[PDB]
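Just one chain follows, in the form deposited in one PDB entry, and it is written as structure tokens.
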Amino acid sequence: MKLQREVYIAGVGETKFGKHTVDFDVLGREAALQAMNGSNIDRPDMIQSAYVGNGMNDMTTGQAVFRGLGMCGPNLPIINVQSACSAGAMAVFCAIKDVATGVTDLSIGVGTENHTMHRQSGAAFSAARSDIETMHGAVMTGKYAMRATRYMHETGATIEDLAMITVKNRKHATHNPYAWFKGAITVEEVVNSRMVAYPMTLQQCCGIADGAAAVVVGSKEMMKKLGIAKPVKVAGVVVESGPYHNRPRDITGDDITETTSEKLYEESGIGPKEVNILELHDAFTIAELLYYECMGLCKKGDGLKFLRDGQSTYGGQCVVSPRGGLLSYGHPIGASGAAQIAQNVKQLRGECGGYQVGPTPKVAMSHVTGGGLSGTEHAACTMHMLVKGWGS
């Protein structure tokens, strides 16, 4: 979406991710409060609209979040959003659109979820028998496993190459207190973990987790009035839905990630080789590897070389998953897309201590997908391009 005027991020918020015994509303409120306090907001009703992303907690999650801040009422229109894993990023996108279009000058996006406190059958995470691939036994890990098998067939990638994505992402998370799993894990531990659908083992799959994040966005004038020291510019943001057809696809590509990222580069005027850090939808190791190519960080077929050459870790062309990714945080459905943005902002501002990328990144990109009925690669894709917005 082209931005009709500049939009900047002021304060962000982020809970610890993992197994929480407080629910989605408490987590979301903690993240919202942090983001508002980090925006130097003295009058909460300066926040003119709120969007909250969630997957399966409830139908009024944003009102449940804000009610405990005393902020519900006639001066806070709240809309909750859903696109499976896209929801938290879409919440921030809706807030950006309100500001960019002048509907508001200051808005907030929250993504929140608590899964582990709730009995979720397993059928809630899958489509109904009505879906043709589900009728025939499809499971998500096997769908991505097929992408990995095809990639190994074409490139000679081994299961050990795939496992290095978990190793890298957990390494990045070592000193990150928000991440759930972190630190050194050996390739053999990843490869020898239980096989789910060949070649995806358990440690190559992100897990279910609980968490929340929040992002306040506002106009240039609002950044000056709030005294924001390091406003992060929204250089671009794009939402797409996934094309449906039944023709052979190259599943080492990704139709909607390719088109969404290309549109993001075109609208923002920032190309993929300029991106310094990237958070993406690493629900499985193979996804991050393919998205190196799908996003144009490297050429078709070169993702394996990019990985092995160290181009996606510290010192390389683009540090991918510097917070640790879904493979270290786990994946609270409504939270991840907002959480990526919160951590990218902290990295741009130099605030991440022992997991801070050096030299400081200036361009940060984020990506979540979500869903995917038969004949689609994904149901949705939301990507944000963020850049340093303060001078010298």
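So that there is no doubt, residue numbering starts at 1 and follows the sequence shown. Definition used throughout: the rigid core is the maximal C-alpha set that superposes within 1.5 Å between two forms.
On average the C-alpha atoms of 126-134 have higher B-factors than those of the other stretch, with 126-134 and 99-107 being the two compared.
In this entry, the higher average B-factor at the C-alpha atoms falls on 201-209, of the pair 90-98 and 201-209.
Taking the deposited Cα B-factors for 315, 218, 231, 242, the highest one is held by 315. Looking only at 79, 223, 280, 85, the residue with the top Cα B factor in the deposited structure is 223. Remark: residue 53 belongs to the lowest third of its chain, ranked by C-alpha B-factor as recorded. Ranked within its chain, residue 214 lands in the lowest third, by CA B factor from the PDB record. Annotation for residue 237: CA B-factor lies in the lowest third of the chain's modelled residues. For residue 43, the recorded CA B-factor ranks within the highest third of the chain. Only modelled residues enter the ranking.
When the modelled residues of the chain are ordered by C-alpha B-factor, residue 310 sits in the highest third.
The next section is about a form of this same protein that is not shown, the form deposited in another entry.
Taking the core as reference between the shown form and the other one, the lone member of 122, 74, 102, 227 whose Cα moves by 2 Å or more is 122. Comparing the forms between the shown form and the other one on their rigid core, the Cα displacement of residue 187 stays under 2 Å.
A displacement of less than 2 angstroms separates the C-alpha positions of residue 267 between the shown form and the other one, with the rigid core held in common. The rigid-core alignment places the CA of residue 138 2 Å or more apart between the shown form and the other one. Annotation: residue 122/residue 110 CA-CA distance longer in the other form than in the displayed model, change of at least 3 Å. Relative to this form, in the other form the C-alpha atoms of residue 57 and residue 134 approach one another by 3 angstroms or more.
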